[PDB]
Every structure is written in structure tokens, then in C-alpha cells.
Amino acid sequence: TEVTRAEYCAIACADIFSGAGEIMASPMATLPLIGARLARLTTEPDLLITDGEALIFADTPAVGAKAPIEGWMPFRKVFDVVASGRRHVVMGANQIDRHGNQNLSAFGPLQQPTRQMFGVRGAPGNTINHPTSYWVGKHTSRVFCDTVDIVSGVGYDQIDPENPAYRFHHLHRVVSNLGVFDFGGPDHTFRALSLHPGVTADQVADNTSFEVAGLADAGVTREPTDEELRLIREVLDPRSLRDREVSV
């Protein structure tokens, strides 16, 4: 074994889609993209993936590569996919709180922010309609904070159990450069599933504003298989683009 932190992140992002079946995988960052395509070439061949613009890929290409297509997915049709539920998006996040409320819109007051990003984008529709996971390349207390400034992604404490309009909400995983997490802690709170090799519990605790459920008992992220390492290193990311987006 000579596996890098980025390669553990890659297989953890592939594991996001374990059991996903025949749905659209929409990774919105390089590591989740390697992960989705790694899953598609190993245990989830029926995933749908696009070129990020408007074409559905038949084969699974290297990062930044073209492949023969199998269908058409312009932006207006993506919104049909979202409403249908047959999708699992992996979004980035500027802030994520203990219940999975997420912010990628802006910092500060809603009508006069202190820092502007893209706005809510599809985060509200994604989180209310279908499985949503998050990727954080630099796990810090500024990202994992007690309160997000703007709720662009719906967290578990927003759910009205009396209103079935909320029944499709499901935040599946948070993968960071430190480990794998979900919101399966008590009261749907942020919970450690594994820490990547070399990461200590104290390092996670020191870089998370709130308590991480199960942190003391979390095991180590699994080893990639030889096949996964071949696919990452030879097929999907030969140019080491993964290393640019993973901190330490």
C-alpha cells in the first residue's frame, strides 16, 4: 500500500453511489467526479453521467475527456430529472451545520451580503427532491459551523413530518479530506463513519465547530482495491488533478 489521501477521498466519493442503481450521478467537483466515474466502472455501471453541459455519456471518460454519448440532457431537462428524484448530486459547500443545512450562496445578510458567491443555484431543489451528498476539500471549523449564513441546502431540522412534500429529503454523505461522515447521529446530526489513514480524531474535532457523533469509535477508511487504484491512476485521473483539490 502506498495510497495517498486524495486516493482515499476518491474511493470514498465512489462509495457515495454504492447501491445507487439507475440514477443520474451529478458530481460538482473533481474528486466527486472521479468517484462517480470510478463507481460507474466498478459496481454501479447503470449510473447516468453527463459531460457537465448537455450530453449524456455512454462510456466513462477520463477527467476532462470526451466519450461517445447516449442521450441528451440540456439544462431544462435536468430540472425534470431533479423533480423525478432519480438523481444523486454531490455539491460543494462553504458552510455545513450539524443538521446538514448547507450554504453556497453568500456570506452575511441576505439582502446585503459581506461576500457574494453564485447564489443558491440548484441546492434547494436538489436537497428537497433527491439524495444529496457534499464534498469538502479542506475540512475546517469555518465550513463546519454552528449556523450557516444562508440555507441553500435543506438540513434535517427543516423537515415538517406532517407535510409529505418533504418525504424525499435525504443527505447521504459528507466526504472531506479528513474522512467520511453522514447525518445519522442522534437527531440526524453529523456523524463520523470513517477517518482517512493518518487522520486522528483530535484533528477532526479541532476542525469542526460542533461535536461529531461517534468520532471516538470511527474506524479507518477502507483500502482501495488494486482495480480501483488502476482506474484512478491510469484511466480516470492520470494527470493527478485530484491532488489539487485535497488539503493535506
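Heads up: residue numbers just count along the shown sequence, starting at 1.
Next on the checklist: If you take the mean CA temperature factor per stretch, which one wins between 204-212 and 51-59?
Outcome noted: The stretch with the larger average C-alpha B-factor is 204-212.
Next on the checklist: Averaging CA B factors per stretch from the PDB record, which one is higher: 216-224 or 60-68?
Outcome noted: Mean C-alpha B-factor is greater for 216-224.
Checklist entry - Say you rank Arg121, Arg173, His130, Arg142 by Cα B-factor from the PDB entry; which sits at the top? => result Of the candidates given, the C-alpha B-factor peaks at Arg142.
Checklist entry - Among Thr147, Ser84, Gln102, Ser105, which residue carries the highest C-alpha B-factor recorded in the PDB entry? => result Checking the PDB record, the top C-alpha B-factor among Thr147, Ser84, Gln102, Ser105 is at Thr147.
Next on the checklist: Please place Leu229 in the lowest, middle or highest third of its chain according to the CA B-factor in the PDB entry.
Outcome noted: Bottom third by C-alpha B-factor.
Next on the checklist: How does the C-alpha B factor of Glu7 compare with the rest of the chain: lowest, middle or highest third?
Outcome noted: Lowest third.
Checklist entry - Once the chain's modelled residues are ordered by C-alpha B factor and cut into thirds, is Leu31 in the lowest, middle or highest one? => result According to the entry, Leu31 has a C-alpha B-factor in the chain's highest third.
Item to check | Entry-reported Cα temperature factor of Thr114, expressed as the chain third it lands in | outcome: Its C-alpha B-factor belongs to the highest third of this chain's values.
Item to check | Within-chain third of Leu38 by Cα B-factor, per the entry | outcome: Ranked within chain, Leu38 CA B lands in the lowest tercile.
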